[PDB]
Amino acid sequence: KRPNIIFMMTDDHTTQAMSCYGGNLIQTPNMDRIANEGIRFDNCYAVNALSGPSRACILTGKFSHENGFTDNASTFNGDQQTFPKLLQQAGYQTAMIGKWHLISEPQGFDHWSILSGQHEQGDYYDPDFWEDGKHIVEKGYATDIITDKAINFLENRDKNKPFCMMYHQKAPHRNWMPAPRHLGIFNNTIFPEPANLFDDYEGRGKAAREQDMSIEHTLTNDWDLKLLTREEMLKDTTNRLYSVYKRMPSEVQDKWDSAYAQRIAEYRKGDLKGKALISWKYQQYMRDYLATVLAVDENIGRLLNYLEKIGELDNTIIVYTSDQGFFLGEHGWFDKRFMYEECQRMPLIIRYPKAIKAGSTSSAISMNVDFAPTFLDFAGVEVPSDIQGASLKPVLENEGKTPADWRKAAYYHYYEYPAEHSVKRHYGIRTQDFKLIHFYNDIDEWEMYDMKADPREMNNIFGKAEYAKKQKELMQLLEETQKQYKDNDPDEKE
């Protein structure tokens, strides 16, 4: 009678690249099936928009200052409480397959197979895995391999125990190497630009101006844009693009070279400069990012079809999300980290027909700390008091409606600075209609956005007289929220 769980999570996917979220860029039919047969959350947020921290928050139901894992230079204390351990005590068989990114050996999993290359980022081709204590190499393409490993786990499971499987893809993380069948697929496709692709940061503070995550300056010609021929790579085999290209089979290298020849010729013509060059880089980025997404959605389909074939689709809570969202050129950026909406907001779609009316939507403000208590609640396990999120069951079971007692803000705290991409440390709250942010290291600057009037977050209204009352109310809610979640020294002074 207890439901199975499959928790499907990508790395750096985002709502703009999902058709169920009204995106124009790509159709995602299998993700959309989950939404159309289930519920779509419009206001689910990561509490620290970085991979390792998000994964730690998901396992523990706790904010980063409680779970210990504040940045991608942390090691997860595996002795702490996590939902898979609790499910395993309750009689579930548990599995972890794909991107782990928590460094310590997984605990609470009957079976685990985790990407070990690139310091646990994984490789796209011929990925290394650490699997139940041993190193292996899997031939092929990661997005497909991870799905085959998931199916193999399910085929070989103890069919007298319910299962909980965490299925964690590498795609679509940088540097966006598509599957062989998708190489070159968007070479003749032009994607619409966001209206703020050329953002000059008027109306923002120092943090937006001082980042290093731009289309214009940060994307590299080799690793990101793929602008080397085979001949060029073979002359310098220490090249980082070559380090990942060389993992592809010969026939895939041939297809890659054919797929990128046009792009290389366009770059070598030497006529692209300034805004035109930024626009061209944007197209190349989107073509690679979106081509990489295609295999993710195909593989979700394979899992949905497998579950249906074995008669377990309706008896399984099916979740799809991404560790955080991602900038697809908005504000001129790629990457995450900021509390801005594109990357703070996680996709969250859930199918479970017993509980969830098909085609439901929710605006209930939800966080990645809510996943753990939701799974424990549906598994009939008492939710321990130290979990900081809340079960989503009351939302799920009432067509997505927001309970009267539901929280009024999502809380956010990002720590990783100085570091890659140079995003200042900050914390804040997102209410239904507003956002309040404090950047506190190595600047001291507040920002505030009216999300209904300014959904693209272009106009910092902090300190503007007409918002004085609202600003005070948001300050007060921020302080209450910090106290509630025990973030007692949020500026890290003591």
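In case it trips you up, residue 1 is the first one in the sequence shown, and so on.
The mean Cα B-factor in the deposited entry runs higher for 372-380 than for the other of 319-327 and 372-380. Mean C-alpha B-factor is higher over 132-140 than over the other stretch, the pair under comparison being 132-140 and 165-173.
Based on the entry's C-alpha B-factors, the most elevated value among 224, 126, 236, 416 belongs to 236. Highest C-alpha temperature factor among 214, 344, 188, 363, as the PDB entry reports it: 188. Placement of the Cα temperature factor of residue 455 within the chain: highest third of the modelled residues, per the deposited record. Ranked within its chain, residue 82 lands in the middle third, by CA B factor from the PDB record.
Ranked against the other modelled residues of its chain, the C-alpha B-factor of residue 432 as given in the entry falls in the middle third. Residue 445 sits in the middle third of its chain by CA B factor, as recorded in the PDB entry. Residue 294: CA B factor in the lowest third of modelled residues in this chain (values from the PDB entry).
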